[PDB]
Ligand SMILES: COC(=O)[C@H](Cc1cccc(C(=N)N)c1)NC(=O)CNS(=O)(=O)c1ccc(C)cc1
Ligand SMILES: [Ca+2]
């Protein structure tokens, strides 16, 4: 997260860290046994870490649970990042409490101009590298498709939306992938991609979760 602020320990209870010996992506707890993340974060031997703030210090509220199954969207295209969403099932159900809680799926798509909360342990510099140990937060509005279908160099399908600032300076970044974008109290997006970080006229692109609710519900009901 570039240009954000320190969230504060466990203030984003649904945020998860995907660990394969080190933190490599974020995710969101949607219920006691399922996590939603980005398909491009797929990897074998994933351990889900809940109740995290400082990912390098055991603080007492963590829950480490291995993944038993990973399901990448059936139409994921790794070249265009279309349908960049994946479901991860935990080997055992997490214990939900004040510091570990699920985030609700949307019933309608968020409107342009709506302010959202993006969080993650990703790079905090637009130029160079510096990874934080504690969770960072960013307030960012959803931009009109017009505002980036002309700003984005790659293809922006109807399964993505842009959020951020055209002036640059504030944006999600490497290591934030798979993380949540929450607007109106529901999970509206997944950190997917962008051109560099916090670059002018290059806002972040996010997976539009509202278009995947049917698939998510059907999958979790049968797995
Ligand atoms: C990979 O290194 C990076 O600095 C960022 C990471 C990132 C991830 C998720 C969201 C954002 C964001 N800005 N909101 C940034 N991505 C890039 O810079 C990728 N752009 S790219 O133009 O470098 C590119 C595009 C396609 C391929 C195969 C490889 C590289
Ligand atoms: Ca910790």
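In the authors' numbering, the protein residues as written are 16 to 34, 37 to 67, 69 to 125, 127 to 130, 132 to 184, 184A, 185 to 188, 188A, 189 to 204, 209 to 217, 219 to 221, 221A, 222 to 245. Just so you know, even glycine gets a beta-carbon here, dropped at the ideal spot from N, CA and C.
Collapsed DSSP secondary structure at residue 244 in the structure displayed: Numbered from its first residue, the chain shown carries residue 244 at position 222. Looking at residue 244 - three-state DSSP - the assignment turns out to be coil, as it is neither helix nor strand.
Distance between residue 49 and residue 244 (C-alpha atoms, nearest Å): Along the chain shown, read from residue 1 onward, the residue named residue 244 stands at position 222. Along the chain shown, read from residue 1 onward, the residue named residue 49 stands at position 32. Taking the straight line joining both Cα atoms gives about 15 Å.
Nearest candidate by alpha-carbon position, reference residue 56, set 90, 132, 138, 184A: Here residue 56 refers to the residue found at position 39 of the chain shown. Among 90, 132, 138, 184A, the Cα nearest to that of residue 56 is on 90.
Three-state secondary structure (DSSP) of residue 22: For the purposes of this step, residue 22 is identified with residue 7 of the chain shown, where counting begins at 1. It is coil, neither helix nor strand.
CB contact flag (residue 60, residue 86, <8 Å): Numbered from its first residue, the chain shown carries residue 60 at position 43. Numbered from its first residue, the chain shown carries residue 86 at position 68. Their beta carbons are not under 8 Å apart, which means residue 60 does not touch residue 86 by this criterion.
Nearest-angstrom beta carbon gap, residue 123 and residue 212 [assumed within contact, 8 Å]: Here residue 212 is taken as the residue at index 190 of the chain shown, counted from 1. Here residue 123 is taken as the residue at index 105 of the chain shown, counted from 1. The Cβ separation is near 12 Å, so there is no contact.
Heavy atom of ligand 2 within 7 Å of residue 227 beta-carbon: In the chain shown, counting from the first residue as 1, residue 227 sits at position 205. No, ligand 2 has no heavy atom inside 7 Å of this Cβ.
According to DSSP, residues forming a beta bridge with residue 189: Against the chain shown, residue 189 aligns to sequence position 171. Residue 189 is bridged to 17.
For residue 45 and residue 53, the rounded distance between their alpha carbons: For this step, residue 53 is matched to residue 36 along the chain shown. For this step, residue 45 is matched to residue 28 along the chain shown. Linking residue 53 to residue 45 through their CA atoms gives a straight-line distance of about 5 Å.
Residue 119 versus residue 28: straight-line alpha-carbon distance, rounded: Here residue 119 refers to the residue found at position 101 of the chain shown. Here residue 28 refers to the residue found at position 13 of the chain shown. Straight-line Cα distance between these residues: approximately 5 Å.
Neighbourhood of residue 168 by C-beta distance below 7 Å, restricted to the same chain and skipping five residues each side: Translated into positions along the chain shown, residue 168 becomes position 148. Here residue 168 has 176, 182, 225 as same chain residues with Cβ atoms under 7 Å from its own Cβ, once five neighbours each way along the sequence are excluded.
heavy atom of ligand 1 below 7 Å from residue 44 C-beta: The residue labelled residue 44 in the question sits at position 27 within the chain shown. The beta carbon of residue 44 sits no closer than 7 Å to any heavy atom of ligand 1.
Residue 58 Cβ short of 7 Å to ligand 1 heavy atom set: On the chain shown, residue 58 is found 41 positions in, with the first residue counted as 1. Taking the Cβ of residue 58 as the reference point, every heavy atom of ligand 1 lies at 7 Å or farther away.
Helix, strand or coil at residue 109 according to DSSP, with G and I counted as helix: Within the chain shown, the letter at position 91 stands for residue 109. Residue state, collapsed to three classes: coil.
Segment limits, beta strand (DSSP E) that includes residue 163: Counting from one through the chain shown, the residue named residue 163 turns up at place 143. Per DSSP, residue 163 belongs to no beta strand (DSSP E) and is neither H nor E.
Classification of residue 240 by the beta-carbon crowding that lies within 10 angstroms, buried from 16 upward: Along the chain shown, read from residue 1 onward, the residue named residue 240 stands at position 218. The residue in question, residue 240, is exposed, as its Cβ has fewer than 16 Cβ neighbours within 10 Å.
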